[PDB]
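Trainee: Dropping the structure in here first, questions after.
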Amino acid sequence: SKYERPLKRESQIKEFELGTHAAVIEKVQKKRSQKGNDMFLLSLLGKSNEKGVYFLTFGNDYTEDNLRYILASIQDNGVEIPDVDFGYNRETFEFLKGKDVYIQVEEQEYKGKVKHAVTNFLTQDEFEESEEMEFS
Amino acid sequence: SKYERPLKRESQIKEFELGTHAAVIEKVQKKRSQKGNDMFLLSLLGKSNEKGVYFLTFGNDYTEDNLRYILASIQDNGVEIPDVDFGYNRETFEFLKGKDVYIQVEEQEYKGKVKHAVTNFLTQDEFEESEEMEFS
Amino acid sequence: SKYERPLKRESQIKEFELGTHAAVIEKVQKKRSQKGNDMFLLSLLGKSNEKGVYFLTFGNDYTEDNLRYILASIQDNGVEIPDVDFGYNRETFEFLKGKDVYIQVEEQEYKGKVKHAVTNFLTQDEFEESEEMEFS
DNA sequence: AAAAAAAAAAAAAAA
């Protein structure tokens with residue numbers, strides 16, 4: 001094919017350790033998956049510069065519930081959830097950017113490659129239940 | 001099978017230190033993989049005779065982008081890109097030879113043996129971002 | 001059990017010193033491995049009566065490559081490679097006998113016992129390049 | 001809960 005300038009790629013030097021972490025959604029991209037689903041690609045920034053990615057895929061039974069947990073995590077980091085129809089729309093897209101969240105980070109295999117993946121957005125209850133088990 | 005001069009093999013004494021470097025594509029070579037994929041074998045040379053190799057495999061869905069990043073790295077080193085169809089062809093083969101590039105080199109574990117392998121080709125943006133964080 | 005006459009064993013008094021060497025393929029004999037692959041057993045005679053052995057083992061992914069390098073070594077000693085199918089056949093078998101080659105010999109250890117073994121066949125440029133860095 | 005993902009490349013064998 002003919003050359004077409006490709007995009008700058010973000011350096012993902014450092015992953016999240018396994019467990020629960022406070023993180024901020026440092027970026028939100030609108031993309032389409034390889035199987036042709038509309039998704040929001042949440043980029044996640046930790047307090048020691050840990051980078052992580054999360055895919056909010058649309059057009060299935062879980063999408064609604066999935067996003068409610070993202071919103072609930074935002075709510076419990078001290079932000080009011082506005083009166084808007086949440087889903088595949090610009091309000092939702094813009095609302096997520098820059099927000100404090102609680103994330104879970106589990107291991108995950110794919111093509112025999114193990115990485116630390118962001119799996120879930122946690123409520124206050126879930127974040128503390130997990131965090132109050134750790135010994136300094 | 002009928003005879004086919006195998007590719008000359010060099011002394012891999014000095015390899016690239018970890019991180020990102022300016023390099024040249026010293027040699028390009030046609031080669032069939034163990035799984036039976038066509039690839040170009042890019043020999044990279046550094047400013048103090050560090051050596052490394054890069055496997056540009058054809059067939060995969062990443063081929064295009066992977067080559068795009070090679071080309072874009074060449075673009076950002078002062079060479080302009082011809083209006084040719086880039087791929088598994090002769091023009092591509094001849095173009096890549098003797099071109100200044102930006103590369104990343106990470107640690108790569110394979111069957112016990114860790115070694116410093118060229119992983120990516122970097123754009124100007126990518127390159128300056130990681131090179132500007134070094135001190136004196 | 002019942003006595004069968006055993007075969008004469010060739011006197012392997014002196015072995016190659018480590019490094020690169022001009023040598024002749026003095027003998028070639030096809031055998032079965034302990035694991036049970038067909039293979040050629042190249043005997044190699046040095047210019048000071050050094051004796052070494054090389055095992056070209058058939059039935060693996062790199063059989064053809066290892067053979068190609070042998071032929072390349074013969075090619076670069078003033079011999080033209082004919083348009084023959086190279087492999088486990090009589091023609092390849094008989095072509096190898098008596099040819100000049102360049103060999104590499106390294107230390108090797110099987111059952112505690114150390115041995116100078118023939119590990120590779122070198123091209124012209126490969127041979128000269130090894131001889132360059134010996135003078136230092 | 002369902003869906004997301006850079007793919008691919010590396011001697012093996014002899015004794």
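Chains: A, B, ... in order of the structure tokens. Residues: from 1 per chain. Ligands: from 1, in order shown.
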Taking every C-alpha atom in sequence order, what RMSD separates chain A from chain C after the best least-squares fit?

Mentor: 1.0 Å

Trainee: Could you give me, as JSON lines, every chain D residue with an atom at most 8 Å from chain C, plus its closest atom pair and distance in Å to one decimal, counting only C-alpha atoms (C1' of nucleotides), rows ordered by chain then number?

Mentor:
```
{"residue": "D:11", "atom": "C1'", "partner": "C:62", "partner_atom": "CA", "distance": 6.3}
{"residue": "D:12", "atom": "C1'", "partner": "C:62", "partner_atom": "CA", "distance": 6.4}
{"residue": "D:13", "atom": "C1'", "partner": "C:57", "partner_atom": "CA", "distance": 6.2}
{"residue": "D:14", "atom": "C1'", "partner": "C:55", "partner_atom": "CA", "distance": 5.8}
{"residue": "D:15", "atom": "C1'", "partner": "C:110", "partner_atom": "CA", "distance": 6.8}
```

Trainee: Using the selection just defined, write its residues with C-alpha atoms (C1' of nucleotides) as a PDB file, in the first residue's frame.

Mentor:
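Final file, out_30.pdb:
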```
ATOM      1  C1'  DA D  11      18.980 -23.774  15.548  1.00  0.00           C
ATOM      2  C1'  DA D  12      18.724 -28.370  16.080  1.00  0.00           C
ATOM      3  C1'  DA D  13      21.180 -32.100  16.734  1.00  0.00           C
ATOM      4  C1'  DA D  14      25.306 -35.073  17.783  1.00  0.00           C
ATOM      5  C1'  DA D  15      28.182 -37.560  21.256  1.00  0.00           C
TER       6       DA D  15
END
```

Trainee: If we count only C-alpha atoms (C1' of nucleotides) and set the cut-off at 12 Å, which residues sit around residue C:122, ignoring sequence neighbours fewer than 5 positions away in its own chain? Please answer as a ChimeraX atom specification.

Mentor: /B:6-10 /C:19-23,66-77,100-105,127-131

Trainee: To one decimal in Å, tell me the separation between atom CA of residue A:115 and atom CA of residue A:18.

Mentor: 10.0 Å

Trainee: At what distance in Å, to one decimal, does atom CA of residue B:95 lie from atom CA of residue B:82?

Mentor: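 Distance reported for this atom pair: 9.0 Å.
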
Trainee: As number ranges by chain, which residues of chain A does DSSP assign to strand (DSSP E)?

Mentor: A: 19-32, 38-45, 51-57, 100-110, 113-121

Trainee: Residues at most 8 Å from residue C:14, counting only C-alpha atoms (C1' of nucleotides), excluding those fewer than 2 positions away in the same chain, as a PyMOL selection string?

Mentor: chain C and resi 12+16+49-51

Trainee: With C-alpha atoms retained, write the just-selected residues as an mmCIF file, in the first residue's frame.

Mentor:
```
data_model
loop_
_atom_site.group_PDB
_atom_site.id
_atom_site.type_symbol
_atom_site.label_atom_id
_atom_site.label_comp_id
_atom_site.auth_asym_id
_atom_site.auth_seq_id
_atom_site.Cartn_x
_atom_site.Cartn_y
_atom_site.Cartn_z
ATOM 1 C CA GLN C 12 42.221 -39.465 16.141
ATOM 2 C CA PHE C 16 42.004 -28.938 16.094
ATOM 3 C CA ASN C 49 46.947 -33.647 10.572
ATOM 4 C CA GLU C 50 44.323 -32.300 12.978
ATOM 5 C CA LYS C 51 41.247 -34.531 13.082
#
```

Trainee: Using Å and a single decimal, report how far atom CA of residue B:32 sits from atom CA of residue B:113.

Mentor: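 Answer for the atom CA of residue B:113 to atom CA of residue B:32 separation: 23.1 Å.
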
Trainee: Choose the residue, out of C:92, C:119, C:11, C:136, that has the smallest atom-to-atom separation from chain B; count only C-alpha atoms.

Mentor: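 Closest residue, counting only C-alpha atoms: C:92.
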
Trainee: So, with only C-alpha atoms as the atoms that count, which of A:5, A:116, A:47, A:31 lies closest to chain B?

Mentor: A:5

Trainee: My list of candidates is B:91, B:107, B:80, B:125. Which is closest to chain A when distances are computed with only C-alpha atoms?

Mentor: B:125

Trainee: Given only C-alpha atoms as the basis, pick out the residue of B:38, B:94, B:83, B:64 nearest to residue B:25.

Mentor: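 So, comparing all the options, the nearest one is B:94.
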